[PDB]
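The listed protein sequences derive, respectively, from chains A and B. First residue of the first sequence? That's 2 in the UniProt record's numbering, and the numbers climb one at a time after it. First residue of the second sequence? That's 1 in the UniProt record's numbering, and the numbers climb one at a time after it. Just so you know, even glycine gets a beta-carbon here, dropped at the ideal spot from N, CA and C. Notes follow the structure.
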Amino acid sequence: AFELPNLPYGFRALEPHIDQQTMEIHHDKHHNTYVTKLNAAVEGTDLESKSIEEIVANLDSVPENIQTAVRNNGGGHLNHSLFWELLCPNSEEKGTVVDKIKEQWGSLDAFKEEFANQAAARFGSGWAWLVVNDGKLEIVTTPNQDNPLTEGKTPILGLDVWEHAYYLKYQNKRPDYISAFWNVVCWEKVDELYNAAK
Amino acid sequence: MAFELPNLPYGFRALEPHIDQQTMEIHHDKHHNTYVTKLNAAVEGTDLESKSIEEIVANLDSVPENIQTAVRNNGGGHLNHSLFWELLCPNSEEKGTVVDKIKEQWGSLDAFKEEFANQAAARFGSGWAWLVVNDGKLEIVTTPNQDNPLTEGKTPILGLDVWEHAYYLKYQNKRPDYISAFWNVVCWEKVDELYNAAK
Ligand SMILES: [Mn+2]
Ligand SMILES: [Mn+2]
């Protein structure tokens with residue numbers, strides 16, 4: 002069924018913004034676990050065939066006794082599958098969604114300022130997102146491994162703010178992590194996800 | 001006076017090699033400090049400005065519903081870690097009232113640890129694992145984020161912070177290794193003190 006996807010550029014491609022140690026453990030351990038437990042949950046169910054997008058959209062209809070496992074692990078798999086593809090070494094701060102973000106916030110810096118505040122504000126483990134919601138842009142956060150897909154909002158950019166993704170380098174300084182993040186945001190893809198959005 | 005982040009009962013390097021010295025410094029001076037601050041800010045000239053944190057956290061729904069979320073999160077923060085520092089101990093000794101009463105319910109300390117470890121490991125995202133007194137009965141629960149068993153009317157006599165910030169520097173992804181090490185620095189002299197005062 003579900004497979005851990007290969008990192009597009011290896012572990013050192015986001016230096017010095019995200020450390021090379023964190024990338025290997027995040028990918029090889031944290032994500033790997035999500036995939037193993039997810040496969041264990043759906044192995045032998047009607048879910049086994051279907052895509053993680055379809056499943057995370059439909060958590061409410063996932064059978065009782067595996068709903069938690071799928072939410073947590075299905076989400077972990079989707080969330081991190083997007084993250085890897087959304088981090089770029091040759092990030093160019095331009096394209097469709099950036100045009101569309103300047104059209105909605107006035108400037109990219111006024112967007113970042115909100116995103117950063119919502120990212121910093123999410124108490125405990127969670128993600129910060131920019132989502133396409135009924136054609137409009139919205140900045141929402143989720144706790145743990147929850148994904149706005151579950152609430153009919155297509156995510157086009159996400160940031161893991163679990164401490165396991167920033168603590169080796171930035172320790173308690175989550176802001177520095179969010180600031181740094183921008184340097185490796187892969188807008189070529191953030192676009193790709195806006196186009197396919199429904 | 002309100003609230004002030006308390007000194008560790010020991011040095012930062014006093015729990016080595018079980019909890020790293022870098023983590024003991026940041027965890028207390030930053031993480032627990034920020035809580036005290038953001039908390040003090042939220043209670044700036046209020047009904048609970050001069051109330052005990054044990055009272056506030058156990059009566060959380062009756063906190064003005066416009067600062068409720070900040071107090072629950074930073075209030076829990078202050079109490080949880082305040083407990084955690086006192087419940088840690090260079091020279092723990094596995095005996096006393098709670099150890100005898102654990103033996104009485106679980107059959108053995110090792111059976112108790114196994115459940116605590118499983119429940120501690122199982123807690124998804126950030127939170128705490130607790131041994132609490134629930135109406136005289138002993139019970140192992142976990143709570144998300146900075147929530148405390150007091151809010152549900154159970155007194156905590158032992159707590160383990162399983163936020164990734166409390167173990168990632170040394171143990172990284174391997175939370176179970178951290179839970180295992182914890183047992184070497186649990187302060188059963190304090191666990192008793194807290195149980196005794198369940199009264
Ligand atoms: Mn993660
Ligand atoms: Mn903590």
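Inter-stretch contact at 8 angstroms, needing at least 3 Cβ pairs: the region 11-23 of chain B / the region 77-95 of chain B
yes
I want to check one thing, is the minimum distance from the CB of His-165 (chain B) to the heavy atoms of ligand 2 below 7 angstroms? yes
**Request:** Take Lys-113 (chain A) and list the residues in its own chain whose beta-carbon comes closer than 8 angstroms to its own, dropping the five residues that flank it on each side.
**Result:** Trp-183
Of all the CB atoms in chain B, is at least one closer than 8 angstroms to the CB of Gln-119 (chain A)? no
query = Can you name the residues of chain B whose CB is closer than 8 angstroms to the CB of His-165 (chain A)?
reply = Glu-164, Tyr-168, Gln-172, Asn-173
Q) Comparing alpha-carbon positions, which option in B:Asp-29, B:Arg-13, B:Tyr-10 lies nearest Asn-173 (chain A)? A) B:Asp-29
query = Do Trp-188 (chain B) and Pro-156 (chain B) have their C-beta atoms within less than 8 angstroms of each other?
reply = no
Counted within 10 angstroms of its Cβ, other Cβ atoms place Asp-61 (chain A) as buried (16 or more) or exposed | Under this definition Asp-61 (chain A) is an exposed residue.
Check your understanding: Once you ignore the five residues that flank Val-186 (chain B) on each side, which residues in its own chain have a CB closer than 6 angstroms to its CB?
Key -> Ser-92
- Message: Less than 8 angstroms between CB atoms is the rule here; does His-81 (chain A) satisfy it with respect to chain B?
- Response: no
message: Can you confirm whether the region 26-41 of chain B touches the region 93-112 of chain B when touching is taken to mean that 3 or more C-beta pairs between the two stretches lie within less than 8 angstroms?
response: Short answer: they don't touch.
| query | Within the present structure, is the beta-carbon of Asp-147 (chain B) separated from the nearest heavy atom of ligand 2 by less than 7 angstroms? | reply | no
**Report entry** Any C-beta of chain B under 8 angstroms from that of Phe-84 (chain A)
**Finding:** no
- Query: Which residues in the same chain have their Cβ closer than 7 angstroms to the Cβ of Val-98 (chain A), if we skip the five residues on either side of it in sequence?
  - Reply: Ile-157, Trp-188, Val-191, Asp-192, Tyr-195
CA-to-CA distance, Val-141 (chain A) to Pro-149 (chain A), given in whole angstroms:
8 angstroms
Anything in chain B within Cβ reach of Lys-30 (chain A), meaning under 7 angstroms, just list it in chain order. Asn-173
- Report buried or exposed for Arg-72 (chain A), applying the criterion of at least 16 other Cβ atoms within 10 angstroms of its Cβ. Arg-72 (chain A) is buried by the Cβ-count criterion.
| query | What is the residue span of the beta strand (DSSP E) that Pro-156 (chain A) lies within? | reply | 155-161
| So, helix, strand or coil for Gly-76 (chain B), using DSSP? | helix
* Asked: Would the beta-carbon of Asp-29 (chain A) be found less than 7 angstroms away from any heavy atom of ligand 1?
  -> no
* Asked: Which residues in the same chain have their Cβ closer than 6 angstroms to the Cβ of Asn-40 (chain A), if we skip the five residues on either side of it in sequence?
  -> Annotation for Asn-40 (chain A): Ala-2, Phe-3 place their beta carbon closer than 6 angstroms to its own, counting only its chain and skipping 5 residues before and after.
_DSSP beta-bridge partners of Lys-137 (chain A)_ = A:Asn-134
Item checked: Where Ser-126 (chain B) meets chain C, residues with beta-carbon distance less than 7 angstroms -> The chain inventory of the structure shown lacks chain C, comprising the protein chains A and B.
Practice problem: Step through the CB atoms of chain B and report whether any lies within less than 8 angstroms of the CB of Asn-66 (chain A). | Solution: no
* **Reduced DSSP category for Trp-183 (chain B) - H, G, I as helix; E, B as strand; rest coil** => coil
- Taking buried to mean at least 16 other C-beta atoms within 10 Å of its own C-beta, is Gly-75 (chain B) buried or exposed? The residue is buried, with at least 16 neighbouring Cβ atoms inside 10 Å.
inquiry  = Let's see if you can read the secondary structure: which residues bound the alpha helix (DSSP H) around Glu-115 (chain B)?
reply    = Per DSSP, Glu-115 (chain B) belongs to the alpha helix (DSSP H) from 109-122.
Starting from the Cα of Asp-177 (chain B), find the closest Cα among B:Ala-111, B:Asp-110, B:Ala-120 and give me that residue. B:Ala-120
7 angstroms CB neighbourhood of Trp-163 (chain A) in its chain, flanking five on each side removed
Counting only residues of its own chain and dropping the five nearest sequence neighbours on each side, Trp-163 (chain A) has a CB closer than 7 angstroms to the CB of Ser-126.
Worksheet entry | Contacts of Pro-144 (chain B) in chain A (Cβ-Cβ under 7 angstroms) | Within 7 angstroms Cβ-Cβ: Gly-125.
_Residue interval of the alpha helix (DSSP H) (run including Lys-95 (chain A))_ = Per DSSP, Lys-95 (chain A) belongs to no alpha helix (DSSP H) and is neither H nor E.
How long is the line joining the alpha carbons of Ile-26 (chain B) and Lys-51 (chain A), rounded to whole angstroms? 44 angstroms
- Using CA coordinates, which residue listed in A:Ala-197, A:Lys-199, A:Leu-160 is at the minimum distance from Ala-181 (chain A)? A:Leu-160
When you compare only the Cα positions, how much space is there between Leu-15 (chain A) and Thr-143 (chain B)? 35 angstroms
Check: So, are the CB atoms of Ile-67 (chain A) and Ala-117 (chain A) less than 8 angstroms apart?
Finding: no
Practice task
Give, in chain order, every residue of the region 45-75 of chain A whose Cβ lies closer than 7 angstroms to some Cβ of chain B.
Solution key: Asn-73
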